[PDB]
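Here is the structure we will look at, set down as structure tokens.
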Number of protein chains: 2
Amino acid sequence: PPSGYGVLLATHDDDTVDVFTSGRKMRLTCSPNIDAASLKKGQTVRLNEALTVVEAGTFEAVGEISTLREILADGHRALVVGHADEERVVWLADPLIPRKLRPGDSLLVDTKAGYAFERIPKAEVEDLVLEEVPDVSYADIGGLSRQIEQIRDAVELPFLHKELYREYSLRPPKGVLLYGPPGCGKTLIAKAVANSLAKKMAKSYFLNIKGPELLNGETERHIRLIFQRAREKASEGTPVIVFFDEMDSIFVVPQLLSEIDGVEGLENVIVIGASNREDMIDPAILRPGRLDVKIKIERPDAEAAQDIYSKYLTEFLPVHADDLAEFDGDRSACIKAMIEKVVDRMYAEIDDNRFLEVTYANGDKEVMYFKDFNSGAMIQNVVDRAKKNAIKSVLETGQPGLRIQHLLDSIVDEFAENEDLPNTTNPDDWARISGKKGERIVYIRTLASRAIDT
Amino acid sequence: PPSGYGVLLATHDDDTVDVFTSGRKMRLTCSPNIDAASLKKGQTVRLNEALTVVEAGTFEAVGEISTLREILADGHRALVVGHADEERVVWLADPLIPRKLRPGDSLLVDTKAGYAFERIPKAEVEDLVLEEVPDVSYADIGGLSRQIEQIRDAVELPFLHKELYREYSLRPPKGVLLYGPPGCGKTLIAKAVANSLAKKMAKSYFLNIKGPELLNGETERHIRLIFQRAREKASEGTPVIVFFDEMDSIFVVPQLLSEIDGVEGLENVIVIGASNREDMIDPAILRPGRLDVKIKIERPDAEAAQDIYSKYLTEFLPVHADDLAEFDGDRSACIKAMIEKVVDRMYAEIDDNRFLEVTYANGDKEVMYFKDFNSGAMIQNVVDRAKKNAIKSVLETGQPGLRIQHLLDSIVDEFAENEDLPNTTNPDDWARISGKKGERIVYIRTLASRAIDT
Ligand SMILES: Nc1ncnc2c1ncn2[C@@H]1O[C@H](COP(=O)(O)OP(=O)(O)O)[C@@H](O)[C@H]1O
Ligand SMILES: Nc1ncnc2c1ncn2[C@@H]1O[C@H](COP(=O)(O)OP(=O)(O)O)[C@@H](O)[C@H]1O
Ligand SMILES: [Mg+2]
Ligand SMILES: [Mg+2]
């Protein structure tokens, strides 16, 4: 019994069906065997040489993919765009007509029959818009108590006391800019605020996107998908943090602005952005309604560095026997001392810590030290090289443990490693140095000895 | 039993029909059952293998989409453009041949048949060109009385006194430029004038488009769609304000200039444009016939700030009991005196209010204070920070209500938050400061302390 196929389009009271077979739409009668009521829109039906619907199958599983623009008002049809930007209306097959179809989704289609059969999930798209459980907590962050309070007030506080906000006629902020010199805590602070917020659901969503991930379709589609997924998770009533890390590279702006304005309706979606370059930011992003709350994560001072070191010099690190000698086996007092020694030597104004020499337009010259260019990322890197020198010490001398001297040697080795490179400094620093003097910087020099343009 | 299909093209005196079936154009006989006079252009018809019309169906509801260029003279044909820029003429089916089909509308089409069956609305084009009831009124806007008279004289007055305008041979203005530093009221006035003019109808339309919306089809298709809708609403005889907010980004201009010039015939359509960057504006937009009326929204002086505070420090805000003591429970007097104290504070030349230092080309230096860089947005954000600090004090101290100190602390906090970044300052300020001094500005810095590019 040699037989052909077609796509089912419509079922009537007549007990006949409209089927797309052999490249054209025809009305065909069903065999008495098959029940015409149990058939479904878009289902592949089997035929014979009299062209009678003998059997019902499943939905077509291979074909063209189109990107869904919208579902039309009637609910049955959808507007989709193909590879050549050809825009077409098609019927939604039964597996679509929870989860909700949204603008940006990829649908398998037969454009000859005019049907859309399935939603094809795409990784890359999924792993772009994926929510993550945040790693970091406020206890992992050192030296930023002030800024943790600002981010709490902006993000966390509105949700906890909704009615007290309504009482004082205060509309909560909805966008945050983290900004400042690199390696100082903006990624950490953003994850930590998402973490403490999730912990106060004792059911929370945190989308982490880095700048480079956007430039990977074209940036329009990236932003459209990201905010559409935020829209999805927002429907549940849950708080949704959409974090744009490493935003430096971006400034593309008009869709980001347009999408942030678009989520103003939704009271539970918050946008946080992070930028190393305050100066290159498009002012549009910082206007009322968008990134309202501007939180500056600065470089650490001596007191902050003691806190940051405490996160990486724990008492679960092997300590050398000579170091423990001076504190008679008490590792709490040994380390807290070791952290105070390593910080004092990092932050002191000695000829060994000299880093830059600045020359101003009036002929004056000032010398900057490591104290003025430190970061949390640099403190951690100093600890990691100290650990690696202890691991080398184990192997080379036989004696286990981390000495004070491994850290102290690691400071100047770490700063010498970055006493050339462009990663180490930032316009916020030159602005700050120039500012305090009140003069323009005309010549910079490191102290090996190298020069840097102004 | 098994039957095919086709599209109806024309009906004759012969009681026969032209039908597009199976990729070809046919003359077919209607069955005796069918009344050929009641059939309609572009309608789907069922057949048999004798190829005789047995039933009238509905119109095709899936397929290609094209953008309508125009309707031809005969009234029955449309010139449409498909996805590959393939322009074609097609017949209009009955449901099109109320409302008005216009250039820009998306039409469902079968190009092989040569027919357009339906106008499919698009969500994103519909939300672009949607009118809105304006939120803001003149009572909500503080400190801009002159500018409110100027916007009234341009937009409102022509419509109220048409025959008095005719008497003096005065042609009414076509368009308004709102321009000045950011955060000072330009958006507010534009919707306040749409509001007061809608109130003088006791039907009027107000389209609100932001620059960013245009950049996200191509930029000049956006502008065609907007002005084509403005024509649709102008046909009613009522006023139509088309507001282009946040145009800083734009300057593309040619289609804007062309569409403003084209709409000058319709004297019930007004175009308002807002810009923060006076200096970057293409002079073409400001030439006679287009944005004739230039209204400058400046930064508020002390007395303007009194009026702006009063919009956000109302006596329906909880006020602390200690603050209510000194006016014996009188809230009007308590708040009026609170507003005078916070204003006097923020407009003072105290060391706490030092903002920037401007160095000139002759060596002279001038200290700029907060008063010189204030705005309506900053006043409101100072109020919102105080409201937040009240909310925190009730949680922390138990004692409800907002203290004067919450406002006063909030001033320096809000300025410190924005001391660093862009869009707190603007080229109009340097013009003003360089102007009043009569010297070029060579170096600038904030007073943390930090320099700016100039
Ligand atoms: N304040 C801090 N406390 C503890 N660790 C820090 C701190 N700042 C930076 N670090 C360390 O250095 C890394 C730098 O990351 P990040 O916080 O993202 O800086 P940035 O925001 O400049 O990229 C962190 O992953 C962390 O290991
Ligand atoms: N003159 C004013 N009176 C009252 N509030 C103002 C005034 N100017 C600005 N604001 C406040 O600050 C915000 C900035 O508004 P807007 O008028 O859009 O400034 P822009 O000129 O930058 O478009 C407004 O939402 C409003 O809350
Ligand atoms: Mg980071
Ligand atoms: Mg505005």
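All Cβ positions, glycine included, derive from the backbone under ideal geometry; neighbour counts span all protein chains shown. Any read-out appearing in this document is the output of simple, stated calculations on the displayed coordinates, not a laboratory observation.
Computed quantities for the displayed model
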{"read-out": "Among residues of the range B:386-423, those that are under 30 Å from residue B:359 (Cβ atoms), of a type outside the set (A, V, I, L, M) and out of contact with any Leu (no Cβ under 9 Å at 6 or more places or on another chain), counted", "value": "5"}
{"read-out": "Residues that are surrounded by 18 or more Cβ atoms within 10 Å (Cβ to Cβ) and either within 16 Å of ligand 3 (Cβ to nearest atom) or over 22 Å from residue B:339 (Cβ atoms) (or both), drawn from the range B:129-149", "value": "B:129, B:134"}
{"read-out": "Selected residue [crowded, with 17+ Cβ neighbours inside 10 Å and within 47 Å of the chain's Cα centre (by Cα)] from B:11, B:44", "value": "B:44"}
{"read-out": "Residue that is under 38 Å from the mean Cα position of the chain (by Cα) and farther than 17 Å from residue B:338 by Cβ, where the choices are B:404, B:411, B:391", "value": "B:391"}
{"read-out": "Extreme residue, nearest to residue A:197 (Cα to Cα), among residues of the range A:243-256 that are within 16 Å of ligand 3 (Cβ to nearest atom) and of a type in the set (A, V, I, L, M, F, W, C)", "value": "A:243"}
{"read-out": "Residues satisfying the stated conditions in the range A:67-101, i.e. of a type outside the set (A, V, I, L, M) and within 12 Å of chain B (Cβ to nearest Cβ)", "value": "A:69, A:70, A:74, A:76, A:77, A:82, A:83, A:85, A:86, A:87, A:88, A:91"}
{"read-out": "Test: residue in the range B:407-414 that is outside any helix (DSSP H, G or I) and either within 11 Å of another protein chain (Cβ to nearest Cβ) or closer than 24 Å to residue B:144 by Cα (or both)", "value": "no"}
{"read-out": "Selection within the range A:426-443 - within 14 Å of chain B (Cβ to nearest Cβ) and either not charged (D, E, K, R) or not in a helix (DSSP H, G or I) (or both)", "value": "A:426, A:427, A:430, A:431, A:433, A:434, A:435, A:438, A:439, A:440, A:441, A:442"}
{"read-out": "Scope the range B:247-256; condition under 27 Å from residue B:152 (Cβ atoms) and part of a helix (DSSP H, G or I); matching residues", "value": "B:256"}
{"read-out": "Filter result for the condition that a residue is of a type in the set (A, V, I, L, M, F, W, C) and in contact with a helix residue (DSSP H, G or I) (Cβ under 8 Å, 6 or more places away or on another chain), over B:390, B:333, B:337, B:377", "value": "B:390"}
{"read-out": "The range A:192-213 - residue that is assigned to a helix (DSSP H, G or I) and surrounded by fewer than 23 Cβ atoms within 10 Å (Cβ to Cβ) and, of those, nearest to ligand 4 (Cβ to nearest atom)", "value": "A:211"}
{"read-out": "From the options B:155, B:176, residue that is within 14 Å of ligand 2 (Cβ to nearest atom) and surrounded by 16 or more Cβ atoms within 10 Å (Cβ to Cβ)", "value": "B:176"}
{"read-out": "Residue that is nearest to the other protein chains (Cβ to nearest Cβ) [pool: residues in the range A:183-227 that are more than 16 Å from ligand 1 (Cβ to nearest atom) and within 29 Å of residue A:424 (Cβ to Cβ)]", "value": "A:214"}
{"read-out": "Breaking point among (1) surrounded by 15 or more Cβ atoms within 10 Å (Cβ to Cβ); (2) within 14 Å of another protein chain (Cβ to nearest Cβ); (3) under 22 Å from residue B:222 (Cβ atoms); (4) among the hydrophobic types (A, V, I, L, M, F, W, C), for residue B:117", "value": "(3)"}
{"read-out": "Pairs, first within 14 Å of chain A (Cβ to nearest Cβ) and among the small types (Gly, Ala, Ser) in the range B:335-363, second assigned to a loop (DSSP other than H, G, I, E, B) and crowded, with 17+ Cβ neighbours inside 10 Å, C-beta under 6 Å, six or more apart", "value": "B:361/B:439"}
{"read-out": "Residue B:165 hydroxyl-bearing (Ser, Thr, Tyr), crowded, with 21+ Cβ neighbours inside 10 Å and in contact with a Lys or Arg (Cβ under 9 Å, 6 or more places away or on another chain)", "value": "no"}
{"read-out": "Cβ-Cβ under 6 Å pairs, at least 6 apart or on other chains, the range A:390-401 side assigned to a helix (DSSP H, G or I), far side surrounded by fewer than 14 Cβ atoms within 10 Å (Cβ to Cβ)", "value": "A:394/A:400"}
{"read-out": "Identity of the residue in the range B:364-389, of a type in the set (A, V, I, L, M) and not in a helix (DSSP H, G or I), that ends up farthest from the other protein chains (Cβ to nearest Cβ)", "value": "B:368"}
{"read-out": "Where residue A:111 falls short, out of the listed (1) within 14 Å of chain B (Cβ to nearest Cβ); (2) closer than 30 Å to residue A:288 by Cβ; (3) not small (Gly, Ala, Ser)", "value": "(2)"}
{"read-out": "Hits in the range A:290-301 - residues which are more than 14 Å from ligand 1 (Cβ to nearest atom) and either at the interface with chain B (Cβ under 10 Å from one of its Cβ atoms) or among the aliphatic types (A, V, I, L, M) (or both)", "value": "A:291, A:292, A:293, A:294"}
{"read-out": "Qualifying positions in the range A:278-289 - in contact with a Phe, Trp or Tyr (Cβ under 8 Å, 6 or more places away or on another chain) and within 16 Å of ligand 1 (Cβ to nearest atom)", "value": "A:278, A:280, A:281"}
{"read-out": "Candidates B:259, B:267 - the one that is assigned to a helix (DSSP H, G or I), more than 16 Å from ligand 3 (Cβ to nearest atom) and charged (D, E, K, R)", "value": "B:259"}
{"read-out": "Those residues of the range A:248-282 which are of a type outside the set (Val, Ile, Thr) and either under 19 Å from residue B:247 (Cβ atoms) or within 16 Å of ligand 2 (Cβ to nearest atom) (or both), in sequence order", "value": "A:251, A:254, A:255, A:256, A:257, A:258, A:261, A:264, A:282"}
{"read-out": "Pick from the range B:444-454, criterion assigned to a strand (DSSP E or B) and not aliphatic (A, V, I, L, M), ranking: farthest from residue B:357 (Cα to Cα)", "value": "B:450"}
{"read-out": "In the range A:214-246, residue surrounded by the most Cβ atoms within 10 Å (Cβ to Cβ) [restricted to those that are among the hydroxyl-bearing types (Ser, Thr, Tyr) and part of a loop (DSSP other than H, G, I, E, B)]", "value": "A:238"}
{"read-out": "In the range A:160-189, residue farthest from the chain's Cα centre (by Cα) [restricted to those that are more than 10 Å from ligand 3 (Cβ to nearest atom) and at positive phi]", "value": "A:169"}
